[PDB]
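Two forms of the same protein chain are encoded below as structure tokens; each is given separately, as structure 1 and structure 2.
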Structure 1
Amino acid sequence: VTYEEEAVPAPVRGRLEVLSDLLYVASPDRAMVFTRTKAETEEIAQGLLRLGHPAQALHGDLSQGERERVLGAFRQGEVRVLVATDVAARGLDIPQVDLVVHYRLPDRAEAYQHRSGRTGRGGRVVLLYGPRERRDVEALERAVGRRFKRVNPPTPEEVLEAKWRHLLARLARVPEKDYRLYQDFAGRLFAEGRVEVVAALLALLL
């Protein structure tokens, strides 16, 4: 064990947004989110993509090729979050990561180490848990013989500033050509002096 362990309260209803928030504030080069079923990896991964993270599901129905591209885009940096089940996460082809998140709790201690050991190229392991899930976290803590520091979810201001920076990376990727046709409308908003409008755009894209 070389990592920080945190258990973060997160109601199953708003788990996806808690997870996104965490990813933004942490800003890992590489994150791995574990979940129980392969169907969940693809709901989560799609969700995180909606919310602006470059996320990809890793699960057992992927063809070797599909796996090879996901894991390839992972190493390279093109993809930053992998949402995986325990079984699909098996193998020696997965690069070690900065952060591991337990989107759902591991059914046993072994699964907890197998999941958690993937971090620390030690990095940070975060467990999300629900209201009637705290008994479960306490068991893991006993199985594991270790106590997970209890930490609150990120604050909406920490989150907001992190979003803004992540957005500035995205924009920077837009090729000059793609945006030269608009540089005129921007010169208008700017010179014409309208802050409210620019803040209005951000309000959407953020």
Structure 2
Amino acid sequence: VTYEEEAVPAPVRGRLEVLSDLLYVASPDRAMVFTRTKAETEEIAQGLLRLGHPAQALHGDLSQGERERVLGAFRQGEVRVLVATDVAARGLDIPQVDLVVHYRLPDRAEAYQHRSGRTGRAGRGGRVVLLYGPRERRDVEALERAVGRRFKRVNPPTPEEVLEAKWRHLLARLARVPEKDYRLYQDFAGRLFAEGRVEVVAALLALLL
């Protein structure tokens, strides 16, 4: 195994929210999320959507043609999140991805591995994350038995983790903006600096994040 696995604690309800934060912090090019039912794939996708992530749902009800295009969307970068059921998920036509997340848990060990292999954009490297509920702890120990491995027990992202991630995203915007367009606002930038009021700029960031 050349990928790492983390067991991360979440409350079935706040499950979506935790995940969203995971993504924001981790910022992976491609990610799959696994769940039990095609309906969840839907909720979760819509959910993540409104939560501001490029998410699609992968199930077998998807037509041959619909599938094939949800997948392409994925390989380009147009879709950055695929939410699938283990069944819909079988196939060689599935890309390798930066990060695998188990939303609900896989009952038996083989589902775990089929799911987990899709990470590692080489056969080497990759992160897997399992989400467990407050009681499901016993379920997690059980899997580790099956899988014959100890998963790392890692906390969800702190608010300032996210804040930190958002800020990183933002320097990324600024990078893009070319002199051709910021050159016009030099003077103002000057004023702010020469006044030296963090509060005002703190304010400015307030409504950019």
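Only residues modelled in both forms are compared. Reference numbering: structure 1, starting with residue 1. Definition used throughout: the rigid core is the maximal C-alpha set that superposes within 1.5 Å between two forms.
Between the two structures, rigid part of residue 29 equal to that of residue 46: Rigid-part assignment between the two structures: residue 29 and residue 46 share a part.
Degrees turned by the smaller rigid part between the two structures: 31 degrees is the angle the smaller part turns through.
Core-referenced Cα shift (Å), residue 166, between the two structures: That residue's C-alpha is offset by 4.7 Å.
Value in Å for the CA shift of residue 10 between the two structures, taken after the core is superposed: Spelling it out: core superposed, C-alpha of residue 10 shifted, distance 0.3 Å.
Residue ranges moving between the two structures (criterion: at least three consecutive CA positions shifted 2 angstroms or more, core aligned): When the rigid core is held fixed, residues 160 to 206 make up the only run that shifts.
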